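# Coordinates in review
The residues making up each chain are set out below.
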Amino acid sequence: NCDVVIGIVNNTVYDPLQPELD
Amino acid sequence: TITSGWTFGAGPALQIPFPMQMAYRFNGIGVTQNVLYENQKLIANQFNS
Ligand SMILES: *[C@@H]1O[C@H](CO)[C@@H](O[C@@H]2O[C@H](CO)[C@@H](O)[C@H](O)[C@H]2NC(C)=O)[C@H](O)[C@H]1NC(C)=O
């Protein structure tokens, strides 16, 4: 989960399947 | 070394945060890099002793 690493930033991770599939 | 790792021996010195330097070094020995990032405090405290 993103609450133990120090320095995490918030950003969008793009999944190529989701748009085309849907 | 503490600021640029091993890059200054092959060219220009390239800065990178030290915590990230240590994570690459674990990767070079076949350990996945999250082992450091999730345990950064433990490794730093154990090293210091
Ligand atoms: C990264 O995103 C998470 C999720 O949106 C942020 O967590 C929220 O932070 C605000 C305060 O900034 C809290 O009021 C919310 O309760 C948090 N949400 C959860 C689910 O905990 C997080 O702060 C963001 N990080 C940065 C640096 O903006």
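Above: the structure in question.
The paragraphs below set out a description of the structure included in this document. (Residues numbered from 1 in each chain as written, not as in the entry; some residues may be left out. Chains lettered and ligands numbered in written order. Part of a larger assembly, values for the part shown. Heavy atoms only, no water.)

## Examining the layout of surface pockets
Gaps left between atoms show up when a probe the size of a water molecule is rolled over them. All names here are of chain B. We count it as follows: Every definition here rests on a 1 Å grid over the protein atoms only: cavities are sets of points where a 1.4 Å probe fits but cannot get out, pockets are open sets enclosed by protein on both sides within 12 Å along at least five of seven lines, and lining residues have some atom within 4 Å of a point. Grid points are joined across faces, edges and corners, and a volume is the space filled by probe spheres set on the points. What counts as a helix is a DSSP run of H or I of at least four residues, what counts as a strand is a run of E of at least two, and both are numbered from the N terminus.
Taken as a whole, the largest pocket holds about 210 Å³ of empty space. Along its surface, the largest pocket is lined by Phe18, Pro19, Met22, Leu36, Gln40, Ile43, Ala44, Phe47 and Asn48. Counting residues per element, the lining of the largest pocket draws most heavily on helix α3 (residues 40-48), which supplies five residues.

## Digging into the side chain of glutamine 21 of chain B
Using the following cut-off: When checking whether two residues touch, look at their non-hydrogen atoms; a contact exists if any pair is within 4.5 Å.
Along the polypeptide, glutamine 21 of chain B turns up in helix α1 (residues 18-28). Residues within four places of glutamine 21 of chain B in sequence aside, it is in contact with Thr1, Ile2, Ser4, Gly5 and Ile16 of chain B.

## Let's talk about the environment of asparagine 39 of chain B
Residue and element names in this part refer to chain B. The following threshold applies: Polar contact is defined as a pair of N or O atoms within 3.5 Å, subject to the rule that within protein one atom must be able to donate a hydrogen and the other to accept it, and that residues adjacent in sequence are counted only when both atoms are side-chain atoms.
Following the sequence through the fold, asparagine 39 ends up in the loop between α2 (34-37) and α3. In this structure, the C-alpha to C-alpha distance between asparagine 39 and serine 49, residues 10 residues apart in sequence, is 16 Å. Of the polar contacts made by the side chain of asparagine 39, one reaches the backbone oxygen of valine 35; its length is 3.1 Å.

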